[PDB]
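A.B. asks: Here's a structure for you.
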Amino acid sequence: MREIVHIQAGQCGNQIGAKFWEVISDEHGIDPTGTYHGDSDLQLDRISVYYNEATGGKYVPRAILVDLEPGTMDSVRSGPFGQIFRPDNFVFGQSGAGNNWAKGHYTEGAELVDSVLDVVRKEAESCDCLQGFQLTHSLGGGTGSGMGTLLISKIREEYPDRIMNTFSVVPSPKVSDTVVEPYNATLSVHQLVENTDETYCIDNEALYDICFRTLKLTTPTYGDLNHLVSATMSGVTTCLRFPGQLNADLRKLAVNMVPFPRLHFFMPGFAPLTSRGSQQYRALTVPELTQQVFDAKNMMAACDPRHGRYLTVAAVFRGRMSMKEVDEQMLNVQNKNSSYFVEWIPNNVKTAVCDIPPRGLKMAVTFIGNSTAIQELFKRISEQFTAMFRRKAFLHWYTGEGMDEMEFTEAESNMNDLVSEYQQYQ
Amino acid sequence: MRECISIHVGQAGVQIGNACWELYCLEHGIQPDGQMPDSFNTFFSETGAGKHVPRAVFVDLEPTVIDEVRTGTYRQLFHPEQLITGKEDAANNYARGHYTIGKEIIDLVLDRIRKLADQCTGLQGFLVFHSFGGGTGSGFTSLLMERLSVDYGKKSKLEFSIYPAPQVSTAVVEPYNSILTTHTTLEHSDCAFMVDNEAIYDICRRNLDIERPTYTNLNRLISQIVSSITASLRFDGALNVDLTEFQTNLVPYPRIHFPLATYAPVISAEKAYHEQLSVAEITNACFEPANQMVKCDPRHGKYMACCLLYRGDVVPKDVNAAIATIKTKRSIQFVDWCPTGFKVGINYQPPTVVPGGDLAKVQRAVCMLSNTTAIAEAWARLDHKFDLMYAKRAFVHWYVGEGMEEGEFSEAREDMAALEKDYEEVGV
Amino acid sequence: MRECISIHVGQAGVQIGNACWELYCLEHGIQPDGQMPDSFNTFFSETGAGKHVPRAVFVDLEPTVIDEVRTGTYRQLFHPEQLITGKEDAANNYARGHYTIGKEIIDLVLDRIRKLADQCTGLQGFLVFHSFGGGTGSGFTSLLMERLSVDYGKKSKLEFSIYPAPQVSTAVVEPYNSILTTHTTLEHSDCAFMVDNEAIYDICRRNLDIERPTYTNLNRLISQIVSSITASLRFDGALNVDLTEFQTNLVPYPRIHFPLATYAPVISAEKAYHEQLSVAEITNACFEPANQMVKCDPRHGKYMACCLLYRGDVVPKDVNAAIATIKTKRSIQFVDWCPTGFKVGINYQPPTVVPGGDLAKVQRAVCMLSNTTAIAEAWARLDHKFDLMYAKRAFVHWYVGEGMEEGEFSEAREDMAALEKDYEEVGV
Ligand SMILES: Nc1nc2c(ncn2[C@@H]2O[C@H](COP(=O)(O)CP(=O)(O)OP(=O)(O)O)[C@@H](O)[C@H]2O)c(=O)[nH]1
Ligand SMILES: Nc1nc2c(ncn2[C@@H]2O[C@H](COP(=O)(O)OP(=O)(O)OP(=O)(O)O)[C@@H](O)[C@H]2O)c(=O)[nH]1
Ligand SMILES: Nc1nc2c(ncn2[C@@H]2O[C@H](COP(=O)(O)OP(=O)(O)OP(=O)(O)O)[C@@H](O)[C@H]2O)c(=O)[nH]1
Ligand SMILES: [Mg+2]
Ligand SMILES: [Mg+2]
Ligand SMILES: [Mg+2]
C-alpha cells in the first residue's frame with residue numbers, strides 16, 4: 001500500500017540516484033543480489049513502497065533511468081548495487097542534447113519519452129495504489145532539464161490527482177559549469193511553476209562550504225556531495241517507510257508548507273553534520289540539533305536566509321525523542337527570531353518524529369523551509385539572462401530548433417512574475 | 001557506441017596525423033601490428049579478431065609523403081584503400097587544388113568516406129587537418145568542405161589549421177592562399193582551431209630547453225592538444241565535455257567560430273623535479289601571453305568564452321577556487337554581456353608520454369580553447385600583406401592560368417574586410 | 001537424387017569449364033585420379049567403386065583446345081567418348097558453325113547427351129558455356145539450342161555467355177556474330193547470364209591489385225560465380241534456392257530473360273586482414289557500379305528483380321536489415337509495379353579457395369543476378385556498330401559463301417531493334 005516509483009534524469013541526477021538507492025538499501029538491509037539479510041523486522045513492514053517483492057525473495061527497485069547518451073549508464077552497472085536494478089527499466093538514446101534545452105525539450109527528448117511513457121504505465125499498474133512520483137535531474141544543462149520537464153507535464157494529463165516531487169540542482173554564480181546556464185534555467189523553470197507541487201532547490205556552492213568548514217574534509221569529491229544530497233531524500237520519506245509517534249507523509253507536508261498556488265519552492269537542510277574531530281566533543285541533544293539547523297551557513301541553498309522571513313517551516317526528526325524537549329525548542333527559536341518569521345501566519349512550525357534512526361547515528365534532522373530569500377537565487381539568474389539576451393548571444397543554437405525570440409520573453413515574464421510573488425508578501 | 005571520422009589533407013595534415021596516430025596507439029596499448037596484447041572503439045574498429053584499423057583518410061596529390069607511411073613502421077596499421085594518392089601536385093596554389101586537379105580525387109575519396117562513415121553507428125563529428133598556406137590544404141579542403149555539407153550538414157565538423165606567420169613563413173604566395181580558403185570556412189566549417197608555427201617555436205625554445213627543434217617536436221605537441229579535445233569521449237571522468245556540448249558552449253554567433261588553443265604544462269624532464277606543478281599555476285599558464293598557440297596579444301583581447309579541459313589528478317574543490325581567482329583578476333577581462341564565461345571539463349586518465357619524448361611525464365595537464373578579440377587583429381596585417389601583393393597584380397597570371405576568374409579575388413578580400421569589423425561590433 | 005548436365009561449346013567454353021571442374025574437385029575433396037580418399041552426386045557419378053566422372057560434354061571444331069585437357073593433369077578425369085573433336089574450325093564465323101560444319105558433329109553429340117541424360121534420374125536443367133563473339137560458340141550453340149527444344153522443351157536451360165565489349169574486343173567480325181546468335185536465344189533459352197571481359201579486367205586491376213591478369217584469373221573468378229548458382233543444390237542451408245525457383249523469381253516476361261551477375265567480396269590476401277568484411281558492406285558491393293560484370297550503368301537502370309545468394313557465416317536477422325536499408329536508399333530504385341523485388345538464399349558451406357589463388361580466403365560471399373533496364377542500353381551501341389559494318393556490305397561475301405541468305409541479316413537486325421523498345425515499354 002502507498003507506493004512511489006522513482007524517476008531519474010541527467011548526468012548528475014542519475015549519479016545521485018545511484019547513491020540514494022544504495023543508501024536506501026542499506027537502511028532496509030538489501031544486498032547486491034537482492035536477498036534480504038536484515039535482523040530488525042520493521043524493515044521488511046513497509047518494504048513495498050520502494051521495492052517490488054519479486055520471485056525467490058529478491059527485491060527490485062521501482063525506478064526509471066533516462067538519458068540522451070549511453071555514457072553514464074556504464075558506471076552505474078559496474079558500481080555497488082548496480083545488479084539490483086532491473087534491465088528492462090534502463091532507457092537511453094544515442095544522440096545527446098549538447099547542453100541545450102531547445103534540443104532537449106522538443107526534438108531529441110520527444111523521441112525518447114514515448115518509451116518511458118509506456119514503461120511508467122506498467123510500473124503504475126504493478127503497485128496497488130501509487131501516491132506520487134519522485135523525480136531527480138538538473139536545470140543547468142539540456143539533457144536532465146529538457147527531458148524531465150517534457151515528461152513531468154504529460155504525467156499531469158494521465159495522473160492529475162497525484163503528488164509531484166522534483167529534486168533539482170540550480171546554477172551558482174561562482175561555480176559556473178556551463179556558459180548558457182541563464183538561458184536553460186530561464187526556460188526550464190517556466191514549466192516547473194504550474195506543473196509541480198513541491199521542489200527542492202539545491203546548489204553546489206553551499207555544499208562546498210558545508211564540506212570545507214563543518215566536515216573538515218581535506219579532499220572533497222562529487223561522491224561526498226551525492227551522499228549528502230541523498231540523505232535529504234531519505235529524510236523526507238522516512239515516515240512512510242517506518243512507524244513513529246507522530247507520522248508525517250508527503251501529502252501532509254505539501255499541505256502544510258505550500259500556502260499559495262505559485263509559491264512552493266523549498267530549501268533543504270540536514271543535521272547533525274560532524275567531522276572526525278567534532279564527533280567526540282559535540283553533545284548530540286535536541287537543543288544542539290535545533291540551533292545548528294537554523295544557521296544561515298548550514299543551508300544547502302547558497303543565499304542569505306536572514307534577508308527575509310520564513311513563510312512556513314517544517315522538520316522531520318528521527319530516533320526516540322521526548323516531545324516536550326522537541327516541541328519547545330522550535331517555539332524558543334520562534335520567540336528569539338521574531339523578525340525572521342511572517343507575522344500574519346502565526347505558528348509557522350511543523351514537526352514529525354520517527355522511531356527508527358539512520359546505520360550509526362543516534363538522531364537526525366531534515367530541514368525543509370519556505371522563505372522570501374529565494375529572490376536572491378533567481379534575481380541573479382534573471383540579471384544574467386538580461387545581460388545575455390540583450391545582444392542575442394548564443395541564440396542560433398536555440399533558434400535552430402524553431403524557437404522565436406518572443407518565446408524567450410514569454411517565459412522570462414512568467415519568471416519575473418514568480419519572483420515578484422515573494423516580494424509581494426515580504 | 002560513439003564514433004568520429006578523421007580526415008587528413010595535404011602534406012601538413014599527413015605529417016601531423018602520423019604523430020597523433022602514434023600517440024593514440026600508445027594510449028590504448030597497441031603495437032604497430034594492430035593486435036592488442038571498450039574505450040578505444042571510437043578511433044579503432046576491431047576487424048574479425050585482433051586487428052585495429054583507424055578511422056582515417058589521408059589525401060595527397062604527391063606520392064612522397066603518403067609512401068613515407070607505407071614503407072615505415074606503421075605499414076601494418078593502414079591498407080592502400082585508406083591511403084589515396086594523386087599524380088600532379090597542388091604546387092603551393094589554391095587554384096590548382098580546387099578547380100583543375102580537385103575533380104578527380106575527391107570523387108574517389110567521397111565513396112571511401114561513405115564506406116567508413118556508414119560502418120560506424122554513432123557519428124559525433126569530423127576532424128580535418130590541413131594548412132591555410134598550403135596548396136592541397138587550401139584548394140582541396142575548400143572543395144571537400146563544400147561537398148560534406150550536401151551529405152551531412154548538421155553533423156559536426158572541426159579543423160586544426162596551421163595559420164601563417166607575419167615574420168617566420170616558409171612560402172611567398174601564402175597570403176593569397178589564406179584569403180581564398182577562408183571564404184568556404186565561414187559558411188561550412190562549424191569551428192576551426194588555429195595554430196602558428198612561430199608561436200610554437202618560441203615555446204619549444206624557452207620552456208623545453210631544446211634550441212634545435214624540427215617539425216617532429218611540433219607535431220608531438222599538437223597531438224597532445226588534439227588528444228585533450230577527444231579525451232572526454234574515450235575516458236569516463238567525473239564530468240564530461242562532448243563535441244556538440246563544446247560547440248554549444250564556446251561558439252556564440254554564426255560569423256565568429258575561430259577560437260585559439262593553448263597547452264600547459266610543457267617542460268623538460270629535469271625541470272619537472274624542481275617545479276611543483278600546482279593547479280592554480282597551470283591555470284595561470286593557459287592565460288599567459290607567452291604560452292599562446294597563435295601570434296596574438298591577450299592584453300588587447302577580451303575573452304567571450306573559453307573551455308578548460310583537465311586530465312589527470314584533479315577534483316572540483318580547488319578548480320572552483322582557480323576559476324574565481326581568474327575572474328577576480330583585471331588583467332584578464334571579459335565582454336560585458338557574458339557574466340559567466342567558462343566551461344570546465346575533468347578526466348581521471350593521465351596524459352601519456354611518447355618513448356624518447358621532449359615533454360616530461362606529468363600528473364596534471366590543461367587545454368583552454370578561447371574565443372576572443374585577440375585573434376581579430378591577426379588578420380588586419382594579413383590583409384595588408386595580401387593587398388600589397390595584389391596591388392601590382394603580383395603572382396596573378398599563374399592563378400589565372402588554372403581557371404581562376406579575376407572577380408574571385410575581389411569577392412574574398414571584401415568579405416574578409418567585412419568580417420574584421422564584426423569582431424569590433426561584437427566587442428563594443 | 002537431383003542432377004544437372006553441363007555443356008561446353010567452343011574454345012571459350014572449354015577454357016572456362018576446366019577451372020570450374022577444378023573448383024568442383026577441390027570442393028568435394030577429389031584428386032585428379034577420380035577416387036575420393038552424398039552432396040557430390042549432382043555433378044559426379046560414382047562408377048563401380050571410386051571413380052567420379054563429371055556430367056560434361058566438350059564440343060570443339062579444332063583439336064588444340066580439347067587435346068590441352070587430354071595431355072594435362074586432368075587426363076584421368078575424362079575419357080574420349082566425353083571429349084568430341086572436329087576437323088575444320090568455325091574460323092570466327094556464325095555461318096560456318098551452323099549450316100556447313102554443324103550438321104556432322106551435333107549428331108554425334110546428341111546421342112552422347114542422351115546416354116548421359118538418361119543415366120541420371122533427377123534432371124534439374126542444362127548449363128551451356130560459350131561466347132556470342134566466337135565462331136563455334138555462336139553457330140553451333142544456336143543449332144544445339146534449337147535441337148534441345150525437340151527432345152526436352154520444358155526442362156530448364158541456362159547459359160553463361162561472354163558478351164562483347166565496345167572498347168576492348170579481340171576480333172573484328174564480332175558485331176555480326178552477336179546479332180545472329182541472339183535470334184535463337186530469345187525463343188529457346190530460358191535465361192542467359194552475360195559477362196564482359198573489360199568489366200572483369202577493371203575489377204582484377206582495382207581490387208585484386210594484380211596489374212598483369214590473363215584468362216586464367218578471369219576463369220577462376222567466373223567459376224566462383226557459377227558455383228554460387230549451384231551451391232544451393234549441393235549443400236543444405238537453412239533456406240534454399242533451386243534453379244526452377246530462381247527462374248520463377250527473376251524472370252517476369254517472355255521476351256526479357258537477360259539478368260546480369262555480380263560477385264563480392266573479391267580482394268587480396270593482405271587486404272583481408274585490414275578490411276572487416278561485414279554483411280551490409282558486402283550487400284552494398286553488389287549494388288556498386290564498379291563491381292558489375294557487364295559494361296553498364298546502374299544509375300540509369302532500374303532493377304525489376306534481383307536474387308541474392310549468400311554462402312558461409314550468415315543468418316537471417318541482419319540480412320533483413322540489409323534488405324531494408326537498400327529499399328530505403330533512393331540511388332538504388334525499382335519499377336513501380338514491383339513493390340517486393342528480392343529473392344534471398346542462404347548456405348552454411350563456406351566458399352572454397354584454389355591452391356595459389358588470387359582471391360583471399362573469406363567467411364562470407366554474395367552473388368546477385370539482377371534483371372534490369374541497365375543492360376537494355378548495352379545493345380543500342382552494338383546495333384550501331386553492326387549497322388555501320390553492314391551499311392557498306394563489309395565482310396558479307398564470306399558469310400554468303402558459307403550458305404547464308406541475305407534476308408537473314410535483315411531478320412536478325414529488325415528483331416533486335418524491336419526488342420530494344422520492349423525494355424522501354426516495360427519501364428514506362
Ligand atoms: N551533486 C553533484 N552535482 C554535480 C555532479 N556532476 C555535476 N554536477 C553539477 O551539475 C551541473 C551539471 O549538470 P549535468 O552534467 O547533469 C547537465 P546535463 O546532464 O542535464 O546535460 P548534458 O551535460 O548535456 O548531458 C554542474 O553545474 C555541476 O555543478 C555530481 O556528481 N554531483
Ligand atoms: N607545424 C607544422 N607545420 C607544417 C608541417 N609541414 C608543413 N607545415 C606548414 O605548412 C605549410 C606548407 O604546406 P604543405 O602542407 O607543405 O602544402 P600542401 O598543402 O601539402 O601542398 P603541396 O606541398 O603543394 O602538396 C608551411 O607554411 C609549413 O610551415 C609540419 O609537419 N608541422
Ligand atoms: N573470359 C574469357 N573470355 C574468353 C576466353 N577465351 C576466349 N574468350 C573470348 O571469346 C572470344 C573468342 O571466342 P573463341 O571461343 O576463341 O571462338 P570459338 O567459338 O572457339 O571459335 P574458334 O576460335 O574458331 O574455334 C573473344 O572475344 C575472347 O575475349 C577465356 O578463357 N575467358
Ligand atoms: Mg548527460
Ligand atoms: Mg606537398
Ligand atoms: Mg578457337
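Chain identifiers are assigned as A, B, and so on, following the order in which chains appear in the C-alpha cells; residues are numbered from 1 within each chain, and ligands are numbered from 1 in order of appearance.
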Please find the residues contacting ligand 5 at a distance of at most 12 Å between atoms, with only C-alpha atoms and all ligand atoms counted, and report them as a PyMOL selection string.
C.D. replies: chain B and resi 9-15+59-66+85-93+97+130-131+133-138
A.B. asks: Identify all chain B residues at most 12 Å from chain C by counting only C-alpha atoms; ligands do not count. Present them as a PyMOL selection string.
C.D. replies: chain B and resi 33-35+44-55+75-82+108+111-112+114-120
A.B. asks: Near chain B, meaning an atom within 9 Å, which residues of chain A appear when counting only C-alpha atoms? Write them as a ChimeraX atom specification.
C.D. replies: /A:11,70-72,75,94-100,173-181,208,219-222,384,386-397
A.B. asks: Restrict the selected residues to C-alpha atoms and save them as an mmCIF file, in the first residue's frame.
C.D. replies:
data_model
loop_
_atom_site.group_PDB
_atom_site.id
_atom_site.type_symbol
_atom_site.label_atom_id
_atom_site.label_comp_id
_atom_site.auth_asym_id
_atom_site.auth_seq_id
_atom_site.Cartn_x
_atom_site.Cartn_y
_atom_site.Cartn_z
ATOM 1 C CA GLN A 11 24.364 13.155 -15.627
ATOM 2 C CA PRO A 70 24.782 5.789 -23.125
ATOM 3 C CA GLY A 71 27.911 7.062 -21.271
ATOM 4 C CA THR A 72 26.557 7.455 -17.719
ATOM 5 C CA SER A 75 29.449 3.226 -14.423
ATOM 6 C CA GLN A 94 22.260 7.581 -28.979
ATOM 7 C CA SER A 95 22.108 11.343 -29.783
ATOM 8 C CA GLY A 96 22.647 13.604 -26.717
ATOM 9 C CA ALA A 97 21.446 17.163 -26.014
ATOM 10 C CA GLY A 98 24.740 19.062 -26.014
ATOM 11 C CA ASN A 99 23.878 21.450 -23.153
ATOM 12 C CA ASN A 100 20.843 22.872 -24.966
ATOM 13 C CA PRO A 173 27.341 32.368 -9.897
ATOM 14 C CA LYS A 174 30.861 31.405 -8.705
ATOM 15 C CA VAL A 175 30.945 27.680 -9.559
ATOM 16 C CA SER A 176 29.640 28.065 -13.129
ATOM 17 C CA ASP A 177 29.866 24.798 -15.095
ATOM 18 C CA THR A 178 28.418 25.926 -18.458
ATOM 19 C CA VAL A 179 28.145 29.326 -20.172
ATOM 20 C CA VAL A 180 24.432 29.079 -21.127
ATOM 21 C CA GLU A 181 23.047 28.447 -17.598
ATOM 22 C CA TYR A 208 31.280 23.001 -0.857
ATOM 23 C CA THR A 219 39.874 16.307 -0.419
ATOM 24 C CA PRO A 220 36.141 16.525 -1.271
ATOM 25 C CA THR A 221 34.744 14.798 -4.373
ATOM 26 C CA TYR A 222 31.315 14.651 -6.060
ATOM 27 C CA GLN A 384 22.498 37.141 -16.175
ATOM 28 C CA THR A 386 19.235 40.042 -19.341
ATOM 29 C CA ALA A 387 22.967 40.500 -19.890
ATOM 30 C CA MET A 388 22.997 37.586 -22.328
ATOM 31 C CA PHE A 389 19.693 38.267 -24.147
ATOM 32 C CA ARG A 390 20.427 41.996 -24.772
ATOM 33 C CA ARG A 391 22.966 41.164 -27.531
ATOM 34 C CA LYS A 392 21.153 37.978 -28.754
ATOM 35 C CA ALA A 393 24.235 35.905 -27.808
ATOM 36 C CA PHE A 394 24.343 32.084 -28.101
ATOM 37 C CA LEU A 395 20.966 32.360 -29.873
ATOM 38 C CA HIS A 396 21.496 30.458 -33.169
ATOM 39 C CA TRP A 397 21.635 27.106 -31.296
#
A.B. asks: Please run DSSP on the backbone and report, as a list in words, all residues within stretch 156-245 of chain C that come out as strand (DSSP E or B).
C.D. replies: residues 156, 157, 158, 159, 160, 161, 162, 163, 191, 192, 193, 194, 195 and 196 of chain C
A.B. asks: Write as a PyMOL selection string the residues around ligand 4, taking 7 Å as the cut-off and counting only C-alpha atoms and all ligand atoms.
C.D. replies: chain A and resi 10-11+67-69+143
A.B. asks: Have a look at atom CA of residue A:89 and atom CA of residue A:108 and let me know their distance in Å, one decimal.
C.D. replies: 19.5 Å
A.B. asks: Which residues are close to residue B:351, i.e. within 10 Å by only C-alpha atoms, leaving aside same-chain residues fewer than 4 positions away? Reply as a VMD selection string.
C.D. replies: chain B and resid 27 224 227 to 228 231 310 to 312 347 361 to 366
A.B. asks: Pull the helix (DSSP H, G or I) assignments for stretch 62-274 of chain B out of DSSP run on the backbone, and list those residues as an MDAnalysis selection string.
C.D. replies: chainID B and resid 64:71 73:76 94:100 102:119 136:151 174:187 197:206 215:234 243:250 271:274
A.B. asks: One decimal, in Å: what's the spacing between atom CA of residue B:285 and atom CA of residue B:374?
C.D. replies: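 For atom CA of residue B:285 relative to atom CA of residue B:374, the distance reads 17.1 Å.
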A.B. asks: Write out as a list in words each polymer residue whose atoms come within 10 Å of stretch 335-343 of chain A, counting only C-alpha atoms; drop sequence neighbours fewer than 2 positions from it.
C.D. replies: residues 305, 306, 307, 308, 309, 310, 311, 312, 313, 329, 330, 331, 332, 333, 345, 346, 347, 348, 371, 372, 425 and 426 of chain A
A.B. asks: For residue A:53, work out the shell of residues within 12 Å, counting only C-alpha atoms and skipping chain neighbours fewer than 6 positions away, then give it as a VMD selection string.
C.D. replies: chain A and resid 30 34 to 36 44 46 to 47 59 to 62 126 to 127
A.B. asks: Write a file of the just-selected residues containing N, CA and C atoms, as a compact mmCIF listing (two decimals), in the first residue's frame.
C.D. replies:
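File written: result11.txt
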# COMPACT_ATOMS: atom_id res chain seq x y z
N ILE A 30 19.07 -4.60 2.11
CA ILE A 30 19.10 -5.35 0.85
C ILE A 30 20.55 -5.43 0.34
N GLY A 34 19.98 -9.13 -4.02
CA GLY A 34 18.60 -8.73 -3.71
C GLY A 34 18.00 -9.45 -2.51
N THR A 35 18.60 -10.57 -2.11
CA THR A 35 18.12 -11.36 -0.97
C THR A 35 18.33 -10.63 0.36
N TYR A 36 17.33 -10.73 1.23
CA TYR A 36 17.30 -9.99 2.49
C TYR A 36 18.16 -10.66 3.56
N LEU A 44 11.25 -5.03 6.80
CA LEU A 44 10.50 -5.81 5.80
C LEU A 44 9.09 -5.27 5.62
N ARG A 46 7.06 -2.05 5.84
CA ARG A 46 6.83 -1.13 4.72
C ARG A 46 7.93 -1.22 3.65
N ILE A 47 8.32 -2.44 3.29
CA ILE A 47 9.27 -2.66 2.19
C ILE A 47 8.62 -2.39 0.82
N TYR A 59 14.27 -8.65 -3.97
CA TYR A 59 13.57 -7.38 -4.12
C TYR A 59 14.23 -6.53 -5.20
N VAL A 60 13.43 -5.71 -5.89
CA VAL A 60 13.91 -4.90 -7.03
C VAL A 60 13.43 -3.45 -6.93
N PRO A 61 14.26 -2.48 -7.39
CA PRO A 61 13.92 -1.07 -7.20
C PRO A 61 12.91 -0.57 -8.23
N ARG A 62 11.85 0.07 -7.75
CA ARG A 62 10.83 0.66 -8.60
C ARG A 62 11.36 1.99 -9.14
N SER A 126 1.49 -2.10 -11.68
CA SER A 126 2.06 -3.05 -10.74
C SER A 126 1.70 -2.82 -9.29
N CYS A 127 1.86 -1.59 -8.79
CA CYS A 127 1.53 -1.27 -7.40
C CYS A 127 0.01 -1.16 -7.19
A.B. asks: Tell me, as a JSON list (two decimals) with N, CA and C atoms, in the first residue's frame, which residues lie within 10 Å of stretch 112-120 of chain A, counting only C-alpha atoms; anything in the same chain fewer than 6 positions away does not count.
C.D. replies:
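Generated output (around.json):
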[["chain", "number", "residue", "atom", "x", "y", "z"],
["A", 5, "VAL", "N", 7.01, 5.24, -7.27],
["A", 5, "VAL", "CA", 8.03, 4.98, -8.31],
["A", 5, "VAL", "C", 8.94, 6.21, -8.46],
["A", 6, "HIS", "N", 10.22, 5.94, -8.70],
["A", 6, "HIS", "CA", 11.27, 6.95, -8.79],
["A", 6, "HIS", "C", 11.69, 7.16, -10.24],
["A", 7, "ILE", "N", 11.84, 8.42, -10.66],
["A", 7, "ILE", "CA", 12.35, 8.76, -11.99],
["A", 7, "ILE", "C", 13.71, 9.44, -11.83],
["A", 62, "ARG", "N", 11.85, 0.07, -7.75],
["A", 62, "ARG", "CA", 10.83, 0.66, -8.60],
["A", 62, "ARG", "C", 11.36, 1.99, -9.14],
["A", 63, "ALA", "N", 12.03, 1.93, -10.30],
["A", 63, "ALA", "CA", 12.77, 3.07, -10.84],
["A", 63, "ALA", "C", 12.69, 3.19, -12.37],
["A", 64, "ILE", "N", 12.92, 4.40, -12.87],
["A", 64, "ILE", "CA", 13.12, 4.67, -14.30],
["A", 64, "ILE", "C", 14.37, 5.54, -14.47],
["A", 65, "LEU", "N", 15.33, 5.04, -15.25],
["A", 65, "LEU", "CA", 16.57, 5.75, -15.55],
["A", 65, "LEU", "C", 16.58, 6.21, -17.01],
["A", 66, "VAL", "N", 16.72, 7.52, -17.20],
["A", 66, "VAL", "CA", 16.65, 8.16, -18.52],
["A", 66, "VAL", "C", 17.92, 8.96, -18.79],
["A", 67, "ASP", "N", 18.36, 8.94, -20.05],
["A", 67, "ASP", "CA", 19.49, 9.75, -20.52],
["A", 67, "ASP", "C", 19.44, 9.84, -22.05],
["A", 68, "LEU", "N", 20.04, 10.89, -22.61],
["A", 68, "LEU", "CA", 20.13, 11.05, -24.07],
["A", 68, "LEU", "C", 21.44, 10.50, -24.67],
["A", 88, "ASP", "N", 15.18, -4.10, -17.75],
["A", 88, "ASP", "CA", 14.07, -3.51, -18.51],
["A", 88, "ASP", "C", 13.95, -2.00, -18.35],
["A", 89, "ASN", "N", 14.15, -1.51, -17.13],
["A", 89, "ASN", "CA", 13.85, -0.13, -16.77],
["A", 89, "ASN", "C", 14.83, 0.93, -17.28],
["A", 90, "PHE", "N", 16.04, 0.53, -17.68],
["A", 90, "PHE", "CA", 17.03, 1.48, -18.22],
["A", 90, "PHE", "C", 16.58, 1.95, -19.59],
["A", 91, "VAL", "N", 16.48, 3.27, -19.77],
["A", 91, "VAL", "CA", 16.17, 3.87, -21.07],
["A", 91, "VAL", "C", 17.30, 4.82, -21.43],
["A", 92, "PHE", "N", 17.71, 4.81, -22.70],
["A", 92, "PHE", "CA", 18.80, 5.66, -23.17],
["A", 92, "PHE", "C", 18.79, 5.85, -24.69],
["A", 93, "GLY", "N", 19.21, 7.04, -25.13],
["A", 93, "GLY", "CA", 19.32, 7.38, -26.55],
["A", 93, "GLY", "C", 20.76, 7.35, -27.03],
["A", 94, "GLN", "N", 20.94, 7.57, -28.33],
["A", 94, "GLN", "CA", 22.26, 7.58, -28.98],
["A", 94, "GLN", "C", 22.70, 8.98, -29.45],
["A", 126, "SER", "N", 1.49, -2.10, -11.68],
["A", 126, "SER", "CA", 2.06, -3.05, -10.74],
["A", 126, "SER", "C", 1.70, -2.82, -9.29],
["A", 147, "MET", "N", 14.40, 16.92, -20.99],
["A", 147, "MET", "CA", 13.70, 15.63, -20.95],
["A", 147, "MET", "C", 12.70, 15.56, -19.80],
["A", 148, "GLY", "N", 13.22, 15.81, -18.60],
["A", 148, "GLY", "CA", 12.44, 15.72, -17.37],
["A", 148, "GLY", "C", 11.24, 16.65, -17.43],
["A", 150, "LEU", "N", 9.82, 17.89, -20.07],
["A", 150, "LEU", "CA", 8.91, 17.38, -21.10],
["A", 150, "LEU", "C", 8.00, 16.31, -20.51],
["A", 151, "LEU", "N", 8.62, 15.41, -19.77],
["A", 151, "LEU", "CA", 7.93, 14.29, -19.12],
["A", 151, "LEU", "C", 6.87, 14.71, -18.09],
["A", 154, "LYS", "N", 3.28, 15.80, -18.97],
["A", 154, "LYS", "CA", 2.44, 14.75, -19.58],
["A", 154, "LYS", "C", 1.91, 13.74, -18.55],
["A", 155, "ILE", "N", 2.56, 13.67, -17.39],
["A", 155, "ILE", "CA", 2.07, 12.88, -16.25],
["A", 155, "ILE", "C", 0.79, 13.49, -15.67]]
A.B. asks: For ligand 1, which residue out of B:425, B:237, B:376, B:356 is the nearest one, using only C-alpha atoms and all ligand atoms?
C.D. replies: B:237
